[PDB]
Structure formats: C-alpha cells, structure tokens
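A.B. asks:
Chains as they are written, first to last, in the UniProt record's numbering: chain C, 1 to 6, 12 to 51; chain U, 9 to 54, 56 to 78, 89 to 154; chain S, 34 to 85; chain H, 11 to 127.
#1: By the DSSP assignment, the alpha helix (DSSP H) with residue 48 of chain U in it spans what residues?
#2: According to DSSP, is residue 50 of chain C helix, strand or coil?
#3: Would you mind reading off the limits of the beta strand (DSSP E) that contains residue 144 of chain U?
#4: Where DSSP assigns a beta bridge to residue 34 of chain H, which residues make up the other side?
#5: With 16 other CB atoms within 10 Å as the buried threshold, where does residue 97 of chain H fall?
#6: For a quick check, are the C-beta atoms of residue 132 of chain U and residue 70 of chain U less than 8 Å apart?
#7: Verify the CB distance criterion: does residue 44 of chain C have a CB-CB separation below 8 Å to chain H?
#8: At what residues does the alpha helix (DSSP H) containing residue 84 of chain H begin and finish?
#9: Might you give, ordered along the chain, the residues of its own chain that have their beta carbon closer than 7 Å to the beta carbon of residue 72 of chain H, omitting 5 neighbours on each side?
#10: Can you give me, in chain order, the residues of the segment 57-69 of chain H that have a beta carbon less than 9 Å from any beta carbon in chain U?
#11: Within 10 Å of its beta-carbon, does residue 122 of chain U have 16 or more other beta-carbons around it, so buried, or fewer, so exposed?
#12: May I ask which residues mark the beginning and end of the alpha helix (DSSP H) holding residue 77 of chain U?
#13: Along chain C, which residues have their Cβ under 8 Å away from the Cβ of residue 85 of chain S?
#14: Which of the three DSSP states, helix, strand or coil, is assigned to residue 107 of chain H?
#15: Going by the DSSP bridge assignment, what does residue 92 of chain U pair with across the sheet?
#16: Could you check the C-alpha separation between residue 31 of chain C and residue 36 of chain S for me, to the nearest Å?
#17: Would you please verify whether the beta carbon of residue 153 of chain U is less than 8 Å from any beta carbon of chain H?
#18: Below 8 Å between beta carbons: does that hold for residue 19 of chain H and residue 113 of chain H?
#19: Going by C-alpha to C-alpha distance, which of S:43, S:50, S:61, S:34 sits closest to residue 4 of chain C?
#20: If residue 95 of chain U and residue 147 of chain U are in contact, beta carbons under 8 Å, what's the gap, nearest whole angstrom?
#21: Tell me the residue span of the alpha helix (DSSP H) that contains residue 20 of chain U.
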C-alpha cells in the first residue's frame with residue numbers, strides 16, 4: 001500500500022517508492038511456483 | 009565527391025538529378041532529356058512561376074518525412100536522394116512517347132499534388148503512422 | 034523483555050510500509066531481533082499495529 | 011442512473027498483457043472505462059505506454075463531461091504504462107489527489123500455477 005500524495014515529480018516519486026518496495030520483484034516471484042528444494046539451493050548458491 | 013554546377017542554371021541539385029537520370033555514362037543524353045522535360049513543363053503549365062521552381066516544388070511535394078527502419092527520422096541527404104529516385108522511377112514506369120514527355124507529365128502531376136510518386140509517399144506515411152507505439 | 038505494548042517504541046524497528054526491518058539494517062543481535070519480531074507479531078494480533 | 015458530483019476514484023488494473031483504466035464516483039460505480047484492447051492494440055504492444063496513454067485519454071475525455079473534476083488514483087498489478095495513464099488523466103483536465111498502489115500481495119496464500127519451460 002504505497003501512498004504518494006500530490012506531475013512529473015509525483016510520478017518519479019511514485020516509481021521510486023514502488024522500486025524501493027519491490028512489488029514487481031515479488032510479483033514476478035509469485036507468477037510461478039518454486040519448490041522448497043529449489044529455493045533452498047538457490048539461497049545456498051547465492 | 010565534387011559536383012559540377014549545371015551549365016544552364018548553375019545548380020548542384022540539377023546535376024544530381026541528371027546523375028540519377030543517366031544511363032551507362034551518357035550524361036549529355038541525360039542533360040538533353042532534363043532540359044527538354046523542362047521545356048514541355050514551361051510550355052504546358054504556362056502559371057505565375059518559373060520552370061525550375063515547379064520542379065523544385067514537385068520534389069518538395071513528393072519528398073517523404075519519416076521512414077520505418089519502427090519509424091525514425093530521415094537525414095536530409097537521404098530525403099533528397101529518395102525524392103529524386105522516386106520521381107525518376109515513376110516517370111520511367113508511366114507511359115508516354117518520349118522520356119522528356121513522361122518526365123514533364125510526372126513533374127506537372129507532382130506539382131498539381133497527384134500522381135504515382137505522391138501515392139508512394141502517402142503510402143509510406145501511412146505505414147509510418149501505423150507503428151506509432153514502437154517509436 | 035520487549036513489551037508488545039508501547040507501539041510507538043515498536044515502530045522504531047519497522048519501515049514505512051509497517052514491515053519488520055532486517056537485522057542487518059540496524060544493530061540488533063539475534064536474540065533481540067527475535068524478541069522484537071515476537072513483540073511486533075503479538076501487537077499485530079492485538080490490533081496495535083497494522084498488518085499492511 | 012448514476013451521479014458523480016465533484017470527486018471520484020480512478021482504478022488502474024495492469025498486468026503483463028493488458029491494462030484497464032476505469033473511473034468511478036465515491037461509491038465505486040464506474041462511469042467510464044477504457045483499455046488497450048478497446049483502443050485496438052491487439053498485439054504484444056497492449057502493455058505499451060503509448061497504448062496506456064491512448065486509453066487514459068479516451069477514458070478521461072469520456073468522463074470529464076459528467077462533473078468529474080478531481081480523482082484519486084489506485085493501481086493494481088505490474089506492467090509498463092501505469093505512469094503514462096496517470097500522467098494522461100492528470101493532464102486531461104482531471105486533477106489527481108494522491109497515488110495509491112493497491113497491488114495485492116499474498117502472505118503465502120494459495121499455490122501459483124506451475125512454471126513454464
């Protein structure tokens with residue numbers, strides 16, 4: 001629930022807030038299913 | 009490369025047009041064709058203008074603006100080259116008695132804003148406006 | 034013992050969206066971080082801080 | 011039978027394939043809506059800022075002549091063009107009050123549908 005009360014400055018602020026929150030990253034993650042083994046091994050490799 | 013002024017009008021655009029018009033290195037033949045065509049142009053549309062002014066206006070009328078490589092802007096040199104090439108090519112394609120007559124007819128049509136070269140330019144404009152999103 | 038009350042104290046470890054900040058962002062150590070997370074979740078259950 | 015007096019809420023529902031912009035009054039009753047598919051962008055270009063701008067302009071023009079003057083923006087879902095839509099409805103007469111990202115996120119709810127290969 002990112003709120004940017006207020012046009013170019015407001016839009017840049019909203020985009021920056023969304024990027025900081027990382028909603029698109031979690032949306033891309035939730036688009037598909039990942040096995041717990043896959044997640045654990047990705048974390049171990051990273 | 010260097011371009012000689014035209015002997016009659018002292019222009020480089022005229023020499024470039026003749027260079028586009030020339031076959032097999034016969035520049036005298038190309039010059040004779042161009043001067044003849046201007047003569048029928050001035051004898052037919054005799056219009057509160059000149060003979061070379063009508064030709065320049067025709068080239069400006071049939072020149073295109075943007076070109077889809089996605090649409091993009093066109094350099095002035097490529098714009099002029101494509102305008103001259105289109106005029107000559109459609110003059111060759113169209114029917115008529117002599118090349119001078121065909122070229123004069125096409126120049127007059129381009130000035131009067133209708134013709135095959137104008138149709139090609141309008142089609143290119145439509146194909147350019149079709150892809151405004153990817154630009 | 035961090036109390037699940039004092040929500041104003043509790044926001045010291047939360048971000049703008051109300052989530053719990055990582056232990057690496059601040060200086061917390063593991064035991065204190067666990068206690069902070071437990072207190073935050075207890076207060077969320079008690080409707081003292083928002084879930085979102 | 012609708013009545014939007016002065017202010018309302020704009021809702022943007024975006025995805026990886028399409029964007030839908032729908033303006034409504036304070037009771038969430040839609041008065042106008044538009045989308046890239048309605049604008050006629052049936053291609054991969056449905057998720058383009060240009061398509062979003064076109065849809066937002068059409069919706070704002072359709073809804074402005076009804077008493078709508080001020081609007082609050084809600085955004086759900088990802089996808090390019092949300093900024094373009096916000097800018098277009100801001101510049102098409104309607105005045106924006108705040109930008110709110112209502113994109114729903116789960117606290118580990120149901121199972122997502124597999125993974126493409």
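A virtual CB, placed ideally from N, CA and C, is assigned to each residue, including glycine.
C.D. replies: Taking the coordinates as given:
#1: Looking at the DSSP string, the run of the alpha helix (DSSP H) that includes residue 48 of chain U is 35-52.
#2: helix
#3: Premise fails: residue 144 of chain U lies in the alpha helix (DSSP H), 135-148, not in any beta strand (DSSP E).
#4: H:19, H:40
#5: By the neighbour-count criterion, in which a residue is buried when 16 or more other Cβ atoms sit within 10 angstroms of its Cβ, residue 97 of chain H is buried.
#6: yes
#7: Taking Cβ atoms only, chain H never reaches closer than 8 Å to residue 44 of chain C, which makes this a no.
#8: From DSSP, residue 84 of chain H is part of no alpha helix (DSSP H) but of the beta strand (DSSP E) over 80-86.
#9: Cβ within range, chain order: 42.
#10: 58, 59, 60, 61, 64
#11: buried
#12: It is not in any alpha helix (DSSP H) - residue 77 of chain U instead sits in the beta strand (DSSP E) that spans 75-77.
#13: 1
#14: Note: residue 107 of chain H maps to strand in three-state DSSP.
#15: U:75
#16: 32 Å
#17: yes
#18: no
#19: S:50
#20: Incorrect: roughly 17 Å between the Cβ atoms, too far for contact.
#21: Note, residue 20 of chain U: alpha helix (DSSP H), 20-29.
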